[PDB]
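Here's the structure we're looking at; comments come further down.
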RNA sequence: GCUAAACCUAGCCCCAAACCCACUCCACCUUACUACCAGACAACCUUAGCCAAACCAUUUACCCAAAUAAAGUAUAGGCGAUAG
Ligand SMILES: [K+]
Ligand SMILES: [Mg+2]
Ligand SMILES: [Mg+2]
Ligand SMILES: [Mg+2]
Ligand SMILES: [Mg+2]
Ligand SMILES: [Mg+2]
C-alpha cells in the first residue's frame, strides 16, 4: 500500500549542452543572412522590361 | 496474455562444430584397443558418478561417502536430511510391498 | 512525396522548419509549369574569415516563374490555391554553402520578401479574430 | 588536528604543539539577525572553542573575545528509491564575537552589477537561436494555417 | 519501535547519557571536586604558525612548467643523499669506526628526544 | 583580519576566475620542511576561502564561479601531506626500522578473526588496567564452527564470481567470433 | 577436423608424493 | 565524486550531467550492451584524427573525430552520419533544427594514411628512439598522434600567471636539503621555540 | 480503447579445478564503533527427541577418511521392527 506513481521527471534547459565539454555542436548553416539585401522598389515592373 | 506477440530470434545451430563432429569418438577404446582402457573411463563429471548409476537415494549415499568430508557445512547438512527423508519414503511409503 | 531524406541535401537546416512544419498533416500538390525570365545572380556575399573555424558563402538569385500550388487539409478537402490555373511568382531565393567543409554544397537557405510585395492569394475559408478576454473587474476600452 | 592520535600528557610534560592542522573552517551568513560583532563559522566536530580561538588568532590574526559553539543535527528524514534513509552530515556552528568592538558584516559575494557582463558576449549557439526566433513570426490569423513558405 | 540502524550520538538518551557522550573532540583537562573543570594549558594544542611575509610560493602553479616524472622518496635514497657523503669523506681520511655512528647522525635510542620517531609523540 | 575568508572584491560576482595548476608530488619534493610548513598554511587559508564561497553559492542558489579551484587545493593539500609523511616514514626506517608510526599487533578478537589491533597509550601498565583486561583477545572453541561457515560463505561468493566471468566470455564470443580468430 | 589423440593408459609406475596430504594411504605402503 | 550503477549505460551525454541523470535514473536497470573487449594499448583511434566511414548513410567520407567513448567503443565524427533535431524548443516556438552526430563503432570506421587519403589498417611498432608509434599495414608510414585541446581548455602557449600562481623560478627552485631531522624538529629551529621539558614514557597496548 | 498485455537480460544452479579472505588515516568489549589510571571474572563435561515397531517401555540407519567385490554374508536384535 506504499506504492506511488513514478512522477519524478523535472524540467531542464535545452539551449546549451553540459559545460566544460570538449565536444561542441557542429553547425552546417548560419542562422541568418550576413548582409540584408533590399531589392529596388518597382522591380516587378522591370520584370516585363527584360531589356 | 501468456503468449508472446513477436517471434523469438532464429536458433542457428552448427551441426559440424568440433564437439558434434567428434561426438562418439573413442567410445570403442576397449574393444579396438586391446582392452587397455574402458569406455566408462572416458566419462567426465562428478567423481561419485563416473561409471556408475543408481537412484536418488543411492546417489546421495554414494556422494556422502566419497566427497562428504569435502562438502560445505550447509551442503552436508542438506545431504544428511535428504538421505533421512529418502530412507523413510522408499522403505515406508508406496503402493507396492 | 514527403521525401525529407533528400530535402536536407537541397535546403539548409534553417530552411527546413519553414517548409515541412506547416505541411506535416497536409497534402501539397506543387508543380512547375513554365519559366518566364531566366534567373540572374543578383548579389554574392561571403562570411567573415574564420568566424568559428568555418567560412560560409551566400548567393542571391532572383526567380520569376509561374507555379501551381494545391494544398489539401488532413481530410483531403481543398484548403488553399487552385490546382488548374498557375500564377506568376516573383521571389528572391538566397542560397548558402559551407566553403570550409569539403563535402558541402549549395542549398536553399531562405527567401527574401520585399516590403513592396503584393498580398498573397486569399484563403478559401473565413477566419475570426477574437478580441481581448475581459475579466469582470476589467473594463473594455475602444 | 582531527583523525590523529594526540600524544598523552602527564604532569611536567612538554607543551602539545601542532605544526600542520587539517581543520578547515568556512565563514557562513547567519540565517537570523545577529549582533554586529558576532561572526558565524562552520567548524569540524572535533574542533573546540579553545582551538578555534587559537586558530583565528594564530592564523588570521583576528582578536577574539568570546566563542560559543553548538552542534547542528542533520535531518535523516530523506529516503531514496529504496526507502533507505539519507543522512545529512551533522556540523558544528561557532559564534565568534570580535574583541576590540570591531563590527563584521557578511559581504555580498554575488553583486548583481558585477554578475552582469559589461563587455559584449556572443555565444555561437545562442546567436543562432536568437536570430532565428526574431526572424520567424507567428502565423497570421487571416492566413488560417496556410503555410507562408510558398510565395504563391 | 527504536531505530537500531541510525548512528548513536549524544543527542539520544536521558540526561546522564547525553552528557557522557561526546563528538570526538580531544579532552583538554579534568574534572575536580565540585564539578569544577581544570583546563591544562599544555594539553591544549598550540598552533605553530610561521611568518608568511615575503613568501615566494603560492597556492597554484603556473602551467608553463615541465612535466617532471614523480620519484617517491625511499630510505635508500635518503641515506645516499644525506649520510653517504659524510661517510665517504671520513672513509678516505681513514678515521672510521662503528662507535662513532652517533656522530654521523644515527640515533641508537629514541628516549630523551622531543620528537621520537617510534612511537611518535607529536601531532601531524 | 577576516578579509582572508573572501576572495578579492574585484573578483566577487565574476563567472570565471583564472587559476593555475595544483602542486604535484614531485614539485613538492624540492622544497624543504620549512618551506613546506609555510606553504601548508598558504594552501589552508586558500581552502577556507573556497569553502566559504561554495557555501554562500548554495545559500544564494547560484553556481560556484570556479568549482575546479577547490579540487586543485584539495589535491595540493593531499600531495603536500603525502610528501611530509613520506619523509618521516623514510627517516623512521633509518633510525628505528619501523614501517608503522603507531604500534600494533595481530590478535584474534572474541569472534575468532585475525585483526590488526592498534595500541593505545596508557599511564599504567596493562596488567593493572581494569578496562583493558575486560576486553578478550582469544576465541573459544565454539567460534570455530562459525569460522568455517563464514569461510564457506566466501567460497560461494568467489565461486559465483568466477563462474559468472566464464559465462560472459563464452557468450561474448557468439556475437564476435573474430575475437577467437 | 581432426580427432584428439586417443586416451592411452599412461605407461610407467605411478609414484605419488608421500608428503602430500591428498595422497591416499594405500598408494604409499609396501603392497602398492 | 563518482557514483555509477553496476550496469550503467554510457551515452552521448557525459556522466553526472543533468540530462544523464534524467536519461539514467539510479533506479532504472536496462539490458547491458555487449562490448568487445579491447585493451587500452590496442586502441588506435584518438580525438582529432581523420577517419573514413566504411558503413553508414555517408560511406567513404573522411572527417575529424571530436570525441571517443572507450566504454562502448564509440567514435564520433563531426558533420558526418548526422541526423537532425530541434534545439531550444519551447511551448510557443517550434525550435531550431541542428545536425546532431551519431556515434559509430570502431569497426565502422577505418583510419586513413597521411600520404594517401584511403582507409588502411595499422599495427603498433617501435622506432629507433623506442617511442611507441602506429604503422600502417600497407605502405608503412608514421602516423603521429594528432594534437587535441586539453579537457580543461587552458592553453600553455597563451597563459598569464595570476596573483596566486607560483612563478616558474620559484616553483622549480630546489630548497630541500636532505638531513636526519623531521619537519617538526626543523621548524622549531627556525621559529626559535625552546622546550627543555622532556617527554615521559607512556605504555602502549 | 482504456486498464493492460508482450520482451532478455540481470543473475543464479550443478560440476570440474584450486586449499580462501581480512593493517589508508581515525574509532570500536564502557551505553561497541567512546583519545587518556590498582585489575586479578575466566575456556573444556554422553545430546535429546520426533519418528519406525501400525501402542509403547529394550530397540530404530545418520560420511569418518579406496570406488568395486566379498555382502546385505558372518553376526546383532521385545532373535520383533530392524541393525550389520
Ligand atoms: K502414537
Ligand atoms: Mg516403498
Ligand atoms: Mg552548548
Ligand atoms: Mg525496530
Ligand atoms: Mg510408533
Ligand atoms: Mg496413542
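Here are the numbers for this structure:
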quantity: Averaged over C:101-109, number of beta-carbon atoms from partner chains that fall within 10 Å; calculated: 3
quantity: DSSP bridge orientation in the protein assembly as shown - percent antiparallel, rounded to nearest 5; calculated: 95 percent
quantity: For chain H: relative contact order, % (alpha-carbon pairs under 8 angstrom, 6 or more apart); calculated: 12 percent
quantity: Contact order normalised by residue count of chain B, Cα under 8 Å, 6+ apart, percent; calculated: 13 percent
quantity: For chain D, built as a Gaussian network whose Cα springs stay under 10 Å, the top-fluctuating residue of D:49, D:79, D:29; calculated: D:79
quantity: Number of partner chain Cβ atoms within 10 Å, mean per residue of H:155-162; calculated: 4
quantity: Helix F:144-175 axis, angle to chain F major axis (alpha carbon atoms, nearest 10°); calculated: 70 degrees
quantity: Of H:86, H:176, H:44, the one that fluctuates the most in a GNM where chain H has Cα springs shorter than 10 Å; calculated: H:176
quantity: Highest-first arrangement of B:34-40, D:63-69, where packing means the average Cβ count within 10 Å; calculated: D:63-69, B:34-40
quantity: Helical contribution to [θ] at 222 nm, DSSP H n ≥ 4, -39,500 (n - 2.57), averaged over the protein assembly as shown, rounded to 500; calculated: -6500 deg cm²/dmol
quantity: Kirkwood-based Rg to Rh ratio, the protein assembly as shown, C-alpha trace; calculated: 1.05
quantity: Average other protein chain Cβ within 10 Å of Cβ, residues E:33-42; calculated: 2
quantity: Relative contact order for chain D, counting Cα pairs under 8 Å that sit 6 or more residues apart, in percent; calculated: 20 percent
quantity: Within a Gaussian network of chain F (alpha carbon springs, distance under 10 Å), most fluctuating of F:70, F:36, F:147; calculated: F:147
quantity: Nearest-ten-degree value, helix E:75-93 long axis tilted from longest Cα axis of chain E; calculated: 40 degrees
quantity: Angle between chain D longest axis and helix D:124-135 axis [Cα atoms, degrees, rounded to 10]; calculated: 40 degrees
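Where a number appears in this text, it was derived from the coordinates with a stated rule and is not lab data. Neighbour counts are summed over all protein chains in view; Cβ atoms, including those assigned to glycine, are modelled from backbone coordinates with ideal geometry.
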